[PDB]
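Let me begin by handing over the structure; questions about it come next.
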Amino acid sequence: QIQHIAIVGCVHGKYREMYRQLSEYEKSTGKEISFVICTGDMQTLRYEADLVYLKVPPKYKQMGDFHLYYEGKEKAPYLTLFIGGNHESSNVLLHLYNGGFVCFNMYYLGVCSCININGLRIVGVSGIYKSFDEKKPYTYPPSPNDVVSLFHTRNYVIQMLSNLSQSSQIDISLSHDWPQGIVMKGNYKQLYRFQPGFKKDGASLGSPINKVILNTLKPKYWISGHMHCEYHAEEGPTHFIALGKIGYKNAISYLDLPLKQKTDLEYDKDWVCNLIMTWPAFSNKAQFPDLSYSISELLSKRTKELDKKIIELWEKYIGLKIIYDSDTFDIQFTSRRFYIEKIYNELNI
RNA sequence: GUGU
Ligand SMILES: [Fe+2]
Ligand SMILES: [Zn+2]
C-alpha cells in the first residue's frame, strides 16, 4: 500500500504554477498525490498592506498568487503543509506561530511543531539561522520594524522538539535552510560544479539549529529548500533532500512511502503535551518565550498520567483533528493561547 | 544564498 507525497522547495508566491505542475504529474503518471509539503518562502500576503512584512530586495516586492487563494478566487487542489522561510508575510506567521490554516487546504506548521497524517509524524522548523537573533524573543503584536528579524530561527525550538522521538520515530522533518554540514555528506564535488558559490562556505554551510535537530531526532527524511538547487545526502539513517524554487526543474519531487492507513491531518500527541507543559514560558503575550524559564525543565515535568489528561482536555476544547477555521489570524492567536492556558491551569501543576 |  502506497502514498505519493509531493515535496516542494521554494514557492515565492507562484501557487498557480505549482498546482499546475502538480496536477500535470497526477494526469501524466496516473498516480494520486496524497498531500503536498513545501519547505518555505511561501509569501502568504493577504493584501497590499502585508508587503511591509516581506523582507526581499525591491525587485521582489510583489504580491504573488496567494491572495487569490485567500480570497477564494482559487482553491488549492491538495492539502499543502508548509513551514516559513526567509521570504514570508511574517506578521501572518507570527499570529499563527502555533500553526493554522492560512486558507483552505493550506496549513502552516508554525514556528515549529509536529503533526500526524496518514500514519506519518512530520516535524517542521521554520525560518533561517542568524546567530545574532537566535536568542531574541518574539514581540506581539507584529510591528513593521521586526520585518528583518521575525523569520530568524530561535534556538529554543531545539528544546521544544528534542523529546519528540521518544515514543516513536519521526518520518519527515522539514526546514527551510539546510542542516549545517550536511553539504559534505553527498556528492558535493558535483554540487560545487553547479553552485561554485557554496564551496567557500565548506562544512559550515547551513543552520546549526537544524544540524542539532537532525542529529537528535534522526528522521527517516529531512527536506530543505532555500538554496535553489537539487541535492541528496545521507546522514546516518536520514535521507536528506534539498529542492529548488518553483519555475525550475529541480523544485518538486515525490516521496512514495508505505501507507499504513489513511488518516486525516491530526495534532501530534507528544507535541500537544510539549505545548501545554511549556505554557509558563509563553504566558506573556507581549513577549515570548520567557527564557528565564528552562524549556527543558518545564518539559521534564511531563508524566504519563499528565500526558493522558492533557490529550483528554485537548480533544474536548480543540479536538484531535486539525480543522479549517476562518476567523481572522489575530483572533486565532488569542483563541489557541486561551485553550493552552486553560488546559495547563486545569492540571494544577 | 533574493542570506546581515
Ligand atoms: Fe529562502
Ligand atoms: Zn527561495
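Proteins come first, then strands; the chains are lettered A, B, ... in the order of their sequence lines, and each starts at number 1. No hydrogens, no waters, no symmetry mates; every other heavy atom, side chains included, goes into these values.
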Task: Fellow cluster residues of A:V56, listed by chain then number, with links counted only when side-chain atoms sit under 4.5 Å apart - done: A:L45, A:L51, A:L54, A:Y60, A:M63
TODO: Give the first and the last nucleotide of RNA chain B, reading 5' to 3', that has any atom under 4.0 Å from a heavy atom of chain A.
DONE: B:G1 to B:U4
- [ ] Could you tell me whether A:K55 contacts a base, only the sugar-phosphate backbone, or nothing, with contacts defined as non-hydrogen atoms closer than 4.0 Å?
- [x] sugar-phosphate
Task: Within residues 146-156 of chain A: residues closer than 4.0 Å to RNA chain B (heavy atoms) - done: A:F151, A:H152
Task: Neighbours of RNA chain B within residues 178-196 of chain A, by heavy-atom distance under 4.0 Å - done: none
Pair up each side-chain donor or acceptor in residues 135-143 of chain A with any protein partner under 3.5 Å, not counting sequence neighbours, and list the distances.
residue, atom, partner, partner atom, Å
A:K136, NZ, A:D133, OD1, 3.2
A:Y140, OH, A:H95, ND1, 2.5
A:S143, OG, A:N145, N, 3.4

Open item on the list: Run the ring-ring contact (aromatic ring centres under 6.0 Å, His included) test against A:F338 and tell me which residues pass, sequence neighbours left out.
Closed with: none
Open item on the list: Listing request: all side chain to side chain donor-acceptor pair (under 3.5 Å) pairs with a residue in residues 278-290 of chain A, at least two apart in sequence or in separate chains.
Closed with: A:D290-A:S292
TODO: Classify the nucleic acid contact of A:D41 as base, sugar-phosphate or nothing, counting any heavy atom under 4.0 Å across all strands shown.
DONE: sugar-phosphate
Open item on the list: Counting the benzene-type ring for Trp, do A:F104 and A:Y69 have ring centres under 6.0 Å apart?
Closed with: no
Open item on the list: Classify A:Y129 by what it touches in the nucleic acid, base, sugar-phosphate, or nothing, heavy-atom distance under 4.0 Å.
Closed with: nothing
Open item on the list: Any base atoms under 4.0 Å from A:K245, or only sugar-phosphate, or nothing? Heavy atoms, all strands.
Closed with: base
Let me check something: any side-chain donor-acceptor pairs from residues 161-172 of chain A under 3.5 Å, sequence neighbours excluded? List them with distances.
residue, atom, partner, partner atom, Å
A:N163, OD1, A:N274, ND2, 3.0
A:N163, ND2, A:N274, OD1, 3.0
A:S167, OG, A:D270, OD2, 2.9
A:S168, OG, A:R121, NH1, 3.0
A:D171, OD2, A:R121, N, 2.8

Open item on the list: Can you list everything that forms a ring-ring contact (aromatic ring centres under 6.0 Å, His included) with A:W178? Sequence neighbours excluded, please.
Closed with: A:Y231, A:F240
TODO: With sequence neighbours excluded, tell me which residues meet salt bridge (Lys or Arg N to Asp or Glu O under 4.0 Å) with A:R16.
DONE: A:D65
Task: Selection residues 213-239 of chain A - residue pairs positive for salt bridge (charged side-chain N to carboxylate O under 4.0 Å, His left out), sequence neighbours left out - done: A:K185-A:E235
Name every donor-acceptor pair, under 3.5 Å, that has one atom in a side chain of residues 313-328 of chain A and the other anywhere in the protein, sequence neighbours excluded.
residue, atom, partner, partner atom, Å
A:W314, NE1, A:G319, O, 3.1
A:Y317, OH, A:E346, OE1, 2.7
A:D325, OD1, A:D327, N, 2.7

